[PDB]
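Chemist: Right, I'll just put the structure down here and ask away after.
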Number of protein chains: 2
Amino acid sequence: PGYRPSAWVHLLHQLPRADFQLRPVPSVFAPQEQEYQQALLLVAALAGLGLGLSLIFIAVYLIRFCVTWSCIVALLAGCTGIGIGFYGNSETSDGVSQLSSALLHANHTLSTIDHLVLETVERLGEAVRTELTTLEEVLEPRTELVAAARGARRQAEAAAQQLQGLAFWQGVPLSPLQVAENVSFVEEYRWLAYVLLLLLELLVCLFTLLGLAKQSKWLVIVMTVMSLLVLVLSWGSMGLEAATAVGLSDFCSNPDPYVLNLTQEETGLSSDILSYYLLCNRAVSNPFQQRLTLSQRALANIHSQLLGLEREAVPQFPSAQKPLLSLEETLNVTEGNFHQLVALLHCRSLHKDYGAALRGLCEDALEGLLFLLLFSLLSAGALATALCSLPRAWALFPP
Amino acid sequence: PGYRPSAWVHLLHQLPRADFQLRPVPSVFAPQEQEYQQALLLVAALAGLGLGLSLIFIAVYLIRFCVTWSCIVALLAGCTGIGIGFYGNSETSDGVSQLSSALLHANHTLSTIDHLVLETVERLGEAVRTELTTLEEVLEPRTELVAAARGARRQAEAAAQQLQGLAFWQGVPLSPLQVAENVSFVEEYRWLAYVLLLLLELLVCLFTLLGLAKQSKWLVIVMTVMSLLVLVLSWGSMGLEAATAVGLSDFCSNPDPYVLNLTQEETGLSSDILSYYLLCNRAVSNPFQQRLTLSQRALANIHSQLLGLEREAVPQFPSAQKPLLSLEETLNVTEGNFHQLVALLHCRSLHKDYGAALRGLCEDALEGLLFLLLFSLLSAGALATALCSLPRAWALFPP
Ligand SMILES: *[C@@H]1O[C@H](CO)[C@@H](O[C@@H]2O[C@H](CO)[C@@H](O)[C@H](O)[C@H]2NC(C)=O)[C@H](O)[C@H]1NC(C)=O
Ligand SMILES: *[C@@H]1O[C@H](CO)[C@@H](O[C@@H]2O[C@H](CO)[C@@H](O)[C@H](O)[C@H]2NC(C)=O)[C@H](O)[C@H]1NC(C)=O
Ligand SMILES: *[C@@H]1O[C@H](CO)[C@@H](O)[C@H](O)[C@H]1NC(C)=O
Ligand SMILES: *[C@@H]1O[C@H](CO)[C@@H](O)[C@H](O)[C@H]1NC(C)=O
Ligand SMILES: *[C@@H]1O[C@H](CO)[C@@H](O)[C@H](O)[C@H]1NC(C)=O
Ligand SMILES: *[C@@H]1O[C@H](CO)[C@@H](O)[C@H](O)[C@H]1NC(C)=O
């Protein structure tokens with residue numbers, strides 16, 4: 001099936017970006033780059049200019065002055081906005097949780113791969129030791145039996161070498177667990193902060209409602225400054241989350257060799273492996289293919305040689321029965337482990353995890369960021385109406 | 001990792017259920033046991049009883065009668081409730097969409113296995129034809145070359161016979177695509193119905209606000225019966241969704257044996273296969289292992305004597321040199337296809353799809369159903385307050 005970028009991804013991608021140092025920008029995801037970071041900060045600067053324009057407009061309205069139902073409508077609009085904000089916060093938290101689970105499963109898969117390789121090599125080594133025991137048991141050097149034993153030992157050594165070569169995550173500094181725990185850590189703090197902001201806005205709205213119901217002049221003016229502060233906070237939150245959404249949408253564009261380049265810089269793995277596990281198409285062939293065949297061939301060869309020692313050596317050399325059964329059991333166990341490894345070296349083992357990671361990072365996270373945008377716009381409008389209405393009614397109380 | 005039942009599913013599982021015929025129900029998911037169906041209908045009956053009690057209480061309130069700010073507070077409470085309803089509808093739609101996507105992916109996987117097995121056996125048949133070509137071009141029957149050719153042909157036939165049985169979804173009547181299509185179909189119909197109900201309640205709330213703001217008595221009495229009807233329909237929706245949530249929670253608690261039995265009754269494949277792909281733990285073992293353990297031998301075995309024809313027949317039989325490359329290419333393609341098949345027969349992919357299906361069906365669907373429960377409760381409370389307040393101030397409207 002694959003991953004299809006959403007409509008919002010292309011809608012935000014086509015947006016023109018500029019810088020005061022140099023307006024032309026490639027509009028291509030590139031962290032640790034001056035132009036991209038400066039443009040993303042300029043987006044928040046534009047949001048701050050919107051803050052300033054709203055403040056000037058409300059000040060002008062108040063100076064020019066210098067209906068309650070409008071205030072109730074504004075606070076109901078704010079309640080709808082904070083519901084949208086709760087939805088968006090839950091959505092983005094779910095998306096980043098999906099991302100963290102994706103890297104957790106990726107680490108589990110890589111661990112399982114290199115692990116199974118490790119004990120497969122260990123079992124092959126124990127098979128080599130028991131084969132040495134069999135040769136020690138072979139006192140009379142028969143023309144064919146010792147040759148079969150030597151061939152089986154060489155085949156076991158070759159299979160051990162190929163299995164040692166199969167492991168690819170061994171010896172890389174990067175591990176997904178360390179880059180998933182930190183992202184979960186940051187996401188937890190971000191969710192906590194936005195939940196606190198949402199609760200503060202709910203308290204502000206409830207204070208407005210209580211002051212209107214109680215007809216308490218004091219309450220109104222006391223929390224008007226808090227309303228102004230939460231308006232400024234919502235404006236700045238819009239700027240920050242809009243920059244985050246723009247960056248995320250630019251990252252989620254259809255071409256993604258950026259992830260491949262970043263991983264090749266960080267882990268240092270060859271591009272053929274990374275291309276295979278990040279594309280999983282018929283154009284890219286398995287980098288582990290040939291080796292995976294060779295080892296299995298050796299294994300098959302071993303079994304054949306084993307049957308020889310099973311069909312001729314056992315009646316002549318009865319003491320070799322138990323070690324031969326030991327080799328047979330090791331062969332069965334290592335063939336099961338080899339099948340598990342081959343199942344774990346396919347694209348779907350990790351390409352599906354990467355697809356789910358991108359799903360959580362775009363189809364969930366970007367939608368959550370847009371819902372935070374809608375939160376910020378609705379909250380700014382509702383609080384502007386509040387600072388336009390409540391002062392017009394503060395002194396206008398019957399007592 | 002595995003599937004971990006949540007707290008809500010365990011909380012709803014322990015609830016006691018009763019039936020008018022036979023009170024002690026086993027409280028075990030069984031869509032074929034009648035007592036289960038009457039037990040689930042009893043929840044909707046209890047919700048209807050709550051409807052009746054609320055109607056009696058509001059009628060008593062109006063009869064005993066026979067502040068607007070309370071009405072505004074109730075309307076903002078209803079706005080919060082319908083926001084919760086939006087969230088719950090989106091959550092349950094997302095969960096059922098995840099289930100449908102998992103079922104579609106299960107189809108795509110199984111189709112990949114059986115189509116790939118068909119392609120592999122056809123390629124082995126073409127290899128048999130080319131081996132017959134080698135046999136006919138072998139005019140002089142050398143004591144070793146003809147024996148090697150016969151052994152290669154027999155090994156190819158044995159490998160084809162062993163591989164012909166791998167496809168376990170070739171003969172089953174059930175198709176996951178039809179199940180996914182029908183569950184989707186039902187899902188968008190239910191989503192459309194609930195979206196229409198939510199918009200109807202939003203219109204009711206907006207009409208309430210307009211009636212209070214414009215002091216239009218005529219409108220309020222006209223839409224009072226509308227509010228009563230939406231109250232009744234919300235109570236009925238609460239009953240239906242509560243029954244659905246109870247059933248889903250009772251299912252999600254230890255669903256593996258029930259799903260295994262249902263799939264045994266429908267597909268009728270085998271005990272070992274379904275248990276393997278629904279458990280994927282260490283205790284369950286590969287049922288295809290020996291099968292695969294044979295095939296990967298034969299193909300590899302073939303390669304051995306292929307080198308014989310490469311090492312002795314090539315200088316003697318340049319005509320045989322021509323199709324030997326074709327045979328080797330077929331061997332390479334079938335080895336790649338066999339590795340793909342082995343990667344496709346591990347429980348990891350299908351059990352991962354099943355785990356995602358259960359995740360969407362429980363950890364998302366249960367949350368959606370409980371958010372619908374909250375929607376229903378808050379909507380019932382807000383509408384009860386609305387029918388307790390609006391008749392008071394209908395005639396008390398200033399004009
Ligand atoms: C997540 O990553 C850590 C760090 O890599 C895993 O710890 C092991 O680290 C060793 C290094 O010698 C590697 O063999 C493997 O990467 C890891 N596996 C084991 C147990 O040997 C840690 O176990 C990983 N956690 C998960 C989810 O598997
Ligand atoms: C989904 O299942 C259907 C039905 O099994 C697949 O459609 C075809 O089904 C017939 C027999 O049922 C077989 O020829 C193949 O299993 C399918 N052939 C083709 C060309 O599709 C369908 O392929 C499955 N997968 C998808 C993605 O639809
Ligand atoms: C990959 O990244 C490095 C530095 O991170 C950069 O120099 C290089 O140009 C990138 N690759 C491509 C193809 O742009
Ligand atoms: C090899 O292991 C498999 C495990 O799937 C088992 O079924 C089979 O009997 C074993 N072979 C022997 C000879 O014990
Ligand atoms: C499986 O289902 C059938 C009918 O659907 C039922 O008769 C049988 O008892 C079930 N299995 C178990 C173990 O209960
Ligand atoms: C067999 O297929 C592999 C996979 O691409 C390839 O690398 C190898 O060269 C092929 N063998 C021959 C003899 O061409």
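Residue names in the structure tokens use chain letters A, B, ... in the order shown, residue numbers from 1 in each chain, and ligand numbers from 1 in the order shown.
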Residues of chain B within 6 Å of chain A, counting only C-alpha atoms - could you list those as number ranges by chain?

Modeler: B: 297, 300, 343

Chemist: Can you tell me which residues come within 10 Å of ligand 3 when counting only C-alpha atoms and all ligand atoms, ideally as a ChimeraX atom specification?

Modeler: /A:30-33,257-266

Chemist: Create the file for the chosen residues now, containing C-alpha atoms and written as a tab-separated table (two decimals), in the first residue's frame.

Modeler:
chain	number	residue	atom	x	y	z
A	30	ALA	CA	16.96	20.70	6.46
A	31	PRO	CA	17.56	20.91	10.21
A	32	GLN	CA	20.72	22.55	11.53
A	33	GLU	CA	20.48	25.03	8.64
A	257	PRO	CA	15.73	10.66	1.21
A	258	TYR	CA	16.33	13.00	4.15
A	259	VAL	CA	15.71	10.20	6.66
A	260	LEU	CA	18.09	7.94	4.74
A	261	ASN	CA	20.77	10.65	4.70
A	262	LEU	CA	20.35	11.38	8.41
A	263	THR	CA	20.57	7.70	9.35
A	264	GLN	CA	23.59	7.12	7.09
A	265	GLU	CA	25.30	10.09	8.77
A	266	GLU	CA	24.41	8.88	12.26

Chemist: For residue 267 in chain A, work out the shell of residues within 8 Å, counting only C-alpha atoms and skipping chain neighbours fewer than 4 positions away, then give it as a list in words.

Modeler: residues 172, 173, 174 and 263 of chain A

Chemist: I want to know what sits within 10 Å of residue 156 in chain B, based on only C-alpha atoms, with residues of the same chain fewer than 5 positions away left out; could you give that as a PyMOL selection string?

Modeler: chain B and resi 121+124-125+127-128+131+150-151+161-162+295+298-299+301-302+331

Chemist: Please check which protein, DNA or RNA residues sit within 9 Å of ligand 1, counting only C-alpha atoms and all ligand atoms, and write them as an MDAnalysis selection string.

Modeler: (chainID A and resid 103:115 118 169:178) or (chainID B and resid 1)

Chemist: Tell me, as a PyMOL selection string, which residues lie within 12 Å of residue 52 in chain B, counting only C-alpha atoms; anything in the same chain fewer than 4 positions away does not count.

Modeler: chain B and resi 45-48+56-59+231-232+235-236

Chemist: Save out the residues we just selected, C-alpha atoms, as a tab-separated table (two decimals), in the first residue's frame.

Modeler:
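As a result, out32.tsv now contains:
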chain	number	residue	atom	x	y	z
B	45	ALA	CA	-34.09	-1.61	28.71
B	46	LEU	CA	-32.48	-0.02	31.78
B	47	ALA	CA	-31.61	3.05	29.71
B	48	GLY	CA	-35.24	3.28	28.61
B	56	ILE	CA	-41.58	11.59	35.17
B	57	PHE	CA	-39.26	13.91	37.10
B	58	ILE	CA	-39.49	16.73	34.54
B	59	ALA	CA	-43.27	16.31	34.32
B	231	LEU	CA	-33.72	14.03	24.45
B	232	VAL	CA	-35.65	10.81	23.78
B	235	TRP	CA	-31.56	8.32	25.68
B	236	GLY	CA	-32.16	5.60	23.09

Chemist: Within 8 Å of range 146-148 of chain A, counting only C-alpha atoms, which residues show up once you throw out same-chain ones fewer than 3 positions away? Write them as a PyMOL selection string, please.

Modeler: chain A and resi 135+138+141-143+151-152+305+308-309

Chemist: Counting only C-alpha atoms and all ligand atoms, which of B:153, B:13, B:311, B:291 gets nearest to ligand 4?

Modeler: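 Closest to ligand 4 of all the choices is B:291.
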
Chemist: Set the distance at 12 Å and use only C-alpha atoms: which residues neighbour residue 22 in chain A once local chain neighbours fewer than 3 positions away are removed? I'd like the list as a list in words.

Modeler: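 Selected residues are residues 17, 18, 19, 25, 26, 34, 35, 36, 38 and 39 of chain A.
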
Chemist: Please compute the CA of residue 67 in chain A-CA of residue 392 in chain A distance, one decimal, in Å.

Modeler: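 Here the two named atoms are 8.4 Å from each other.
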
Chemist: Taking the DSSP secondary structure from the backbone, can you list the residues of range 159-313 of chain B that are alpha helix (DSSP H), as an mmCIF file with C-alpha atoms, in the first residue's frame?

Modeler:
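Saved to states01.cif:
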data_model
loop_
_atom_site.group_PDB
_atom_site.id
_atom_site.type_symbol
_atom_site.label_atom_id
_atom_site.label_comp_id
_atom_site.auth_asym_id
_atom_site.auth_seq_id
_atom_site.Cartn_x
_atom_site.Cartn_y
_atom_site.Cartn_z
ATOM 1 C CA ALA B 159 10.558 -29.461 -4.122
ATOM 2 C CA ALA B 160 7.464 -28.558 -6.148
ATOM 3 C CA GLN B 161 5.396 -31.186 -4.325
ATOM 4 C CA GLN B 162 6.595 -29.935 -0.933
ATOM 5 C CA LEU B 163 5.932 -26.297 -1.856
ATOM 6 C CA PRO B 176 -11.114 -10.943 4.792
ATOM 7 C CA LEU B 177 -11.854 -8.273 2.170
ATOM 8 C CA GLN B 178 -15.605 -8.897 2.366
ATOM 9 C CA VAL B 179 -15.509 -8.650 6.165
ATOM 10 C CA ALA B 180 -13.515 -5.412 5.990
ATOM 11 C CA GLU B 181 -15.865 -3.973 3.357
ATOM 12 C CA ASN B 182 -19.002 -4.768 5.347
ATOM 13 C CA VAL B 183 -17.617 -3.560 8.692
ATOM 14 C CA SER B 184 -16.546 -0.344 6.959
ATOM 15 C CA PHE B 185 -19.965 0.046 5.279
ATOM 16 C CA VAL B 186 -21.631 -0.245 8.686
ATOM 17 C CA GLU B 187 -19.036 2.105 10.196
ATOM 18 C CA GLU B 188 -19.599 5.024 7.837
ATOM 19 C CA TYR B 189 -23.369 4.564 8.094
ATOM 20 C CA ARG B 190 -23.162 4.722 11.898
ATOM 21 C CA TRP B 191 -20.775 7.687 11.740
ATOM 22 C CA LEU B 192 -23.129 9.556 9.404
ATOM 23 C CA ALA B 193 -26.098 8.864 11.686
ATOM 24 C CA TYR B 194 -24.274 10.074 14.793
ATOM 25 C CA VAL B 195 -22.892 13.134 12.977
ATOM 26 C CA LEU B 196 -26.436 14.035 11.927
ATOM 27 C CA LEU B 197 -27.625 13.622 15.524
ATOM 28 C CA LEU B 198 -24.766 15.796 16.803
ATOM 29 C CA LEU B 199 -25.548 18.523 14.263
ATOM 30 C CA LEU B 200 -29.226 18.313 15.233
ATOM 31 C CA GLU B 201 -28.333 18.873 18.891
ATOM 32 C CA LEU B 202 -26.044 21.758 17.908
ATOM 33 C CA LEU B 203 -28.935 23.332 15.997
ATOM 34 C CA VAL B 204 -31.176 22.846 19.043
ATOM 35 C CA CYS B 205 -28.637 24.604 21.276
ATOM 36 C CA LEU B 206 -28.187 27.455 18.792
ATOM 37 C CA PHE B 207 -31.966 27.865 18.581
ATOM 38 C CA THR B 208 -32.093 28.014 22.385
ATOM 39 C CA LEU B 209 -29.473 30.769 22.389
ATOM 40 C CA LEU B 210 -31.300 32.665 19.639
ATOM 41 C CA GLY B 211 -34.614 32.349 21.511
ATOM 42 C CA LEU B 212 -33.113 33.695 24.747
ATOM 43 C CA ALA B 213 -31.240 36.482 22.942
ATOM 44 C CA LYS B 214 -34.101 37.614 20.692
ATOM 45 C CA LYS B 217 -41.513 33.209 22.596
ATOM 46 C CA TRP B 218 -42.924 31.704 19.374
ATOM 47 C CA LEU B 219 -39.621 30.033 18.477
ATOM 48 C CA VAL B 220 -39.016 28.569 21.944
ATOM 49 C CA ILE B 221 -42.323 26.701 22.165
ATOM 50 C CA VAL B 222 -41.879 25.443 18.593
ATOM 51 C CA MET B 223 -38.460 23.962 19.364
ATOM 52 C CA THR B 224 -39.360 22.699 22.855
ATOM 53 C CA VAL B 225 -40.910 19.565 21.347
ATOM 54 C CA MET B 226 -37.790 19.292 19.171
ATOM 55 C CA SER B 227 -35.664 19.341 22.329
ATOM 56 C CA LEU B 228 -37.912 16.675 23.856
ATOM 57 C CA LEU B 229 -37.523 14.482 20.764
ATOM 58 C CA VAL B 230 -33.741 14.854 20.718
ATOM 59 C CA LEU B 231 -33.722 14.034 24.448
ATOM 60 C CA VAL B 232 -35.646 10.814 23.784
ATOM 61 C CA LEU B 233 -33.392 9.911 20.858
ATOM 62 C CA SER B 234 -30.283 10.647 22.944
ATOM 63 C CA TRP B 235 -31.559 8.325 25.679
ATOM 64 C CA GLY B 236 -32.160 5.605 23.093
ATOM 65 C CA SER B 237 -28.705 6.193 21.633
ATOM 66 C CA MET B 238 -27.288 5.873 25.149
ATOM 67 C CA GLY B 239 -29.016 2.521 25.524
ATOM 68 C CA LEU B 240 -27.739 1.230 22.190
ATOM 69 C CA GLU B 241 -24.169 2.449 22.701
ATOM 70 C CA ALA B 242 -24.085 1.188 26.295
ATOM 71 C CA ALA B 243 -25.135 -2.263 25.095
ATOM 72 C CA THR B 244 -22.462 -2.102 22.387
ATOM 73 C CA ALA B 245 -19.815 -1.042 24.920
ATOM 74 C CA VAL B 246 -20.795 -3.831 27.327
ATOM 75 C CA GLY B 247 -20.578 -6.398 24.541
ATOM 76 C CA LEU B 248 -17.253 -5.092 23.249
ATOM 77 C CA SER B 249 -15.739 -4.997 26.744
ATOM 78 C CA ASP B 250 -16.930 -8.538 27.458
ATOM 79 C CA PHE B 251 -15.353 -9.611 24.161
ATOM 80 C CA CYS B 252 -12.004 -7.855 24.614
ATOM 81 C CA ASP B 256 -7.972 -15.205 21.799
ATOM 82 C CA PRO B 257 -9.870 -18.494 22.427
ATOM 83 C CA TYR B 258 -13.159 -17.056 21.156
ATOM 84 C CA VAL B 259 -11.530 -15.705 17.991
ATOM 85 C CA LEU B 260 -9.746 -19.027 17.476
ATOM 86 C CA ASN B 261 -13.008 -20.959 17.822
ATOM 87 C CA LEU B 262 -14.863 -18.592 15.480
ATOM 88 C CA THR B 263 -12.135 -18.913 12.853
ATOM 89 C CA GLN B 264 -12.159 -22.698 13.297
ATOM 90 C CA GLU B 265 -15.911 -22.791 12.700
ATOM 91 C CA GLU B 266 -15.744 -20.477 9.680
ATOM 92 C CA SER B 271 -5.747 -26.087 15.237
ATOM 93 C CA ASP B 272 -1.996 -25.510 14.967
ATOM 94 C CA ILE B 273 -2.121 -22.824 12.258
ATOM 95 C CA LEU B 274 -4.706 -20.542 13.860
ATOM 96 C CA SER B 275 -3.153 -20.940 17.306
ATOM 97 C CA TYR B 276 0.240 -20.066 15.823
ATOM 98 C CA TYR B 277 -0.895 -16.915 14.030
ATOM 99 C CA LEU B 278 -3.037 -15.795 16.987
ATOM 100 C CA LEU B 279 -0.472 -16.444 19.757
ATOM 101 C CA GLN B 289 8.851 -25.859 9.577
ATOM 102 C CA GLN B 290 9.527 -29.429 8.460
ATOM 103 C CA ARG B 291 7.853 -28.620 5.140
ATOM 104 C CA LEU B 292 10.119 -25.611 4.655
ATOM 105 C CA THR B 293 13.027 -27.548 6.161
ATOM 106 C CA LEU B 294 12.591 -30.006 3.303
ATOM 107 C CA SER B 295 12.097 -27.495 0.488
ATOM 108 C CA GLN B 296 15.102 -25.320 1.339
ATOM 109 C CA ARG B 297 17.100 -28.544 1.238
ATOM 110 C CA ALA B 298 15.884 -29.763 -2.152
ATOM 111 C CA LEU B 299 16.411 -26.447 -3.938
ATOM 112 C CA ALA B 300 19.838 -26.111 -2.339
ATOM 113 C CA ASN B 301 20.412 -29.800 -3.026
ATOM 114 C CA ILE B 302 19.641 -29.150 -6.696
ATOM 115 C CA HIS B 303 22.319 -26.467 -6.886
ATOM 116 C CA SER B 304 24.915 -29.069 -5.904
ATOM 117 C CA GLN B 305 24.453 -31.303 -8.927
ATOM 118 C CA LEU B 306 23.827 -28.211 -11.039
ATOM 119 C CA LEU B 307 27.489 -27.396 -10.459
ATOM 120 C CA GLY B 308 28.188 -30.917 -11.677
#

Chemist: Please indicate the distance in Å from CA of residue 338 in chain A to CA of residue 117 in chain B, rounded to one decimal place.

Modeler: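 So the two atoms, CA of residue 338 in chain A and CA of residue 117 in chain B, lie 20.6 Å apart.
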
Chemist: When you count only C-alpha atoms and all ligand atoms, which of these residues is closest to ligand 4: B:85, B:24, B:287, B:165?

Modeler: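 The shortest atom-to-atom distance to ligand 4 comes from B:287.
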
Chemist: So what do you get for CA of residue 89 in chain A versus CA of residue 368 in chain A, distance-wise?

Modeler: 6.4 Å
